[PDB]
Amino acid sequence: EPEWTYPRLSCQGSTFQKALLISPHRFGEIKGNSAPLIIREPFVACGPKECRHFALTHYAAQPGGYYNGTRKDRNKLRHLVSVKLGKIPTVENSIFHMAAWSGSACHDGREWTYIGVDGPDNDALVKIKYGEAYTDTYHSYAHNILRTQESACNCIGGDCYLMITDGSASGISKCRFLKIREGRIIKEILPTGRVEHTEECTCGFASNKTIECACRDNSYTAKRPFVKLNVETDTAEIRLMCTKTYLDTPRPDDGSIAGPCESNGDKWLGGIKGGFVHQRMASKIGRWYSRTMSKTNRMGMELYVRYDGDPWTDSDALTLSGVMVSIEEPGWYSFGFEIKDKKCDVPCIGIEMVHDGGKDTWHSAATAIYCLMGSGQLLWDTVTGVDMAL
């Protein structure tokens, strides 16, 4: 049998560089002959010998006739789909995994675990598939839109950790973590700390004993909730990030939130899922983050890094590393993932570039990928090249 997967030391590098752009709508012209799927919330998850590009589709293509409702978030048509990283997600190239309006996926070194949530809002359901089999489900506990990550889950030794949350977008949404093995929930983990609102966590391995996540708090602050989950004891604690470099959107000027680390500041109602990925060295730990260039709008995307320290307590500003997407371009959700190289892991940040043209036309997205490679400074940005009027 294939051995289980474990996080390794990251590959040598000191900078991220532009790697790949998946812009399916460059082939959606009325005049063309292609069938790109209408998606949102894309992410990437890799196994030992291949990366898959997942997304939640509206079960419709461009060109097409089912544009009405593609801006709506939850419905009975949404499905979690995927293609091998590098292929254009078309009607024919995609595989439909399950019905879901919220998802996640990960590989334990032996098989794929697909997570998808659906069901009525007041009683949603987390469904789990292992390979080709439907294995387990989890019920809503706050009866207000149970939902999950929108990024990869994290496995170690055959145990995969996943964040789920339930609650009001504008109130309390206390999250929990699920310990899954071979498609079945073996443990339920209730976190400690600042818990009032945690959603859309982007998690990763900081080491073999700790999983860290940068999340979204949709109602109380522009500071991102940060999770430390001890895999050894299966205990999690959450505290807000202390950096002057607020990573949520919308947000106020940097360092404008006065008070100790724990101070929420103004509500700044709303948020965005943020990119976060680890760079593990024998001695150091690099934490890479991404945020929109606009404090108010989903445009642009900047890279930031920060070595060592403690996110829960360091107030210091993060170090700008580069502009991945300019303000003229869409900068929506971002996520982190790692590519498995021969003897080391490669950290990457993916970016969702949504083509928004209103409620009267289609609504979909491109996915730009940036990975740690070589040294130097980040050289080039990403554009989608799509004219929504074609």
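In case it trips you up, residue 1 is the first one in the sequence shown, and so on.
Between 235-243 and 161-169, it is 235-243 that carries the larger average Cα temperature factor according to the deposited entry.
Per-stretch averaging of Cα B factors for 276-284 and 220-228 places 276-284 on top. When the Cα B-factors of 113, 249, 290, 90 are read from the PDB record, 113 comes out highest. Ranking 42, 358, 331, 64 by the C-alpha B-factor listed in the PDB entry places 358 at the top. When the modelled residues of the chain are ordered by C-alpha B-factor, residue 80 sits in the middle third. In this PDB entry, residue 385 carries a Cα temperature factor that places it within the lowest third of its chain's modelled residues. Residue 109: CA B factor lies in the middle third for its chain, per the PDB record. Among the modelled residues of its chain, residue 150 has a C-alpha B-factor that falls in the highest third according to the deposited record.
When all modelled residues of the chain are sorted by CA temperature factor, residue 74 is found within the highest third.
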